[PDB]
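Taking the form deposited in one PDB entry, here's one chain by itself in structure tokens.
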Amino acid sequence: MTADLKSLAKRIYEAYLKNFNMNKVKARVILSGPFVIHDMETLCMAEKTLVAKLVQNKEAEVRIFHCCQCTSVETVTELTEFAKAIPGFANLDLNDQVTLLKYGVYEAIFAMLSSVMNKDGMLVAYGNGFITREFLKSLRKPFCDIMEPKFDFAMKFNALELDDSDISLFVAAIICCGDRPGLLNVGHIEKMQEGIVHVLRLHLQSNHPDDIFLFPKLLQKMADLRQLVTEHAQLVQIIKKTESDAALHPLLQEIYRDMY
């Protein structure tokens, strides 16, 4: 790993630490011991302290869904800044930057969600709440079907024991996929992708000498995320169609529009 490549890995890591409010070290410090949301009584208590304005109120499941949409809008914003640290990203055509982020953001979201999940629940609301996995399963259909596949992905992803230095590069690689539909400058993106993937490979070799297959394991996780997002988008479409009170924020509507 040349000084240039080591420096690119550090640039990407620092961009991740600066641009995401939650990092995995911070999340683990908190999860080691937030207000616990495990039932309807504690949901409504948390709403009154953490999202006071939101609480004529909607059904609980629809309130939770609205709050989730707010966090997605914010994460999409954070991922947009972050992507500028990727060599060549800001030099790409504005329209290609849109296409890459369009397909990439939810893969990045579900990868990063793993850092705040354990087998019993997830840290939420900027580190101030913890919602149990069983509570989310108790919601009425279809809302109970949103988070469980994400916990299942996260348990196996977390068993890889990645740190923030690895995850920042993996999120950059997700954004760089040169096989998204609609790309204008596939060739330049493939070269941008190759550069990030090359740094990811070398960094995993340095940082995880104990796991000689970690790079292909992460390529497979990328593919698993793409399929997780496809399925997620299908469920979101069901909710939007069948749930009168579950309208999508316009930014998220645009992200899902014509996605899959």
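Don't overthink the numbering: it's just position in the shown sequence, from 1. Here the rigid core means the biggest group of C-alpha atoms that line up within 1.5 Å when the two forms are laid on top of each other.
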- Task: Answer yes if residue 56 is missing coordinates in at least a third of the other compared entries, and no if every one of them models it.
- Result: yes
- What is the count, as a class, of unmodelled deposited residues between residue 55 and residue 56: none, 1 to 3, 4 to 9, or 10 or more? 4 to 9
- Sequence continuity check, residue 33 and residue 34 (deposited residues unmodelled): 4 to 9
- Query: So which stretch wins on mean C-alpha B-factor, 245 to 253 or 15 to 23?
  - Reply: 245 to 253
- Task: Read off the CA B-factors in the entry, average them over 185 to 193 and over 111 to 119, and name the higher stretch.
- Result: 185 to 193
- Item | Peak C-alpha temperature factor (PDB record), options 138, 97, 158, 165 | 97
- Message: Quiz for you: based on the deposited Cα B-factor, which of 147, 124, 173, 90 is highest?
- Response: 90
- Message: Using only modelled residues of the chain, where does the Cα B factor of residue 83 rank: lowest third, middle third or highest third?
- Response: middle
- Query: With respect to C-alpha B-factor, does residue 154 fall in the lowest, middle or highest third of the chain as deposited?
  - Reply: lowest
- Item | Relative C-alpha B-factor of residue 178, binned into the chain's lowest, middle or highest third | highest
- Task: Classify residue 75 as lowest, middle or highest third according to the C-alpha B-factor given in the PDB entry, relative to its own chain.
- Result: middle
- Against its chain's modelled residues, does residue 46's Cα B factor rank lowest, middle or highest third? middle
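The same protein has a further form, the form deposited with a partner chain bound, not shown here; the description that follows concerns it.
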- Task: Verify the contact flag for residue 95: yes if a non-hydrogen atom of it lies within 4.5 Å of a non-hydrogen atom of the partner chain in the bound PDB entry, no if not.
- Result: yes
- Task: Would you please decide whether residue 188 lies within 4.5 angstroms of the partner chain in the bound PDB entry, comparing each non-hydrogen atom pair?
- Result: no
- Though only this chain appears here, would residue 158 touch the partner chain in the bound PDB entry if you measure heavy atom gaps against 4.5 Å? no
- Query: Taking heavy atoms only, is residue 140 within 4.5 angstroms of the partner chain in the bound PDB entry?
  - Reply: no
- in the bound PDB entry, does each residue in the set 150, 231 and 234 place a non-hydrogen atom within 4.5 angstroms of the partner chain? no
- Have a look at 118, 99, 132, 165 for me and say which one sits with a heavy atom within 4.5 Å of the partner chain in the bound PDB entry. 99
- Of 50, 219, 235, 44, which one's CA moves 2 Å or more between the shown form and the other one, core aligned? 50
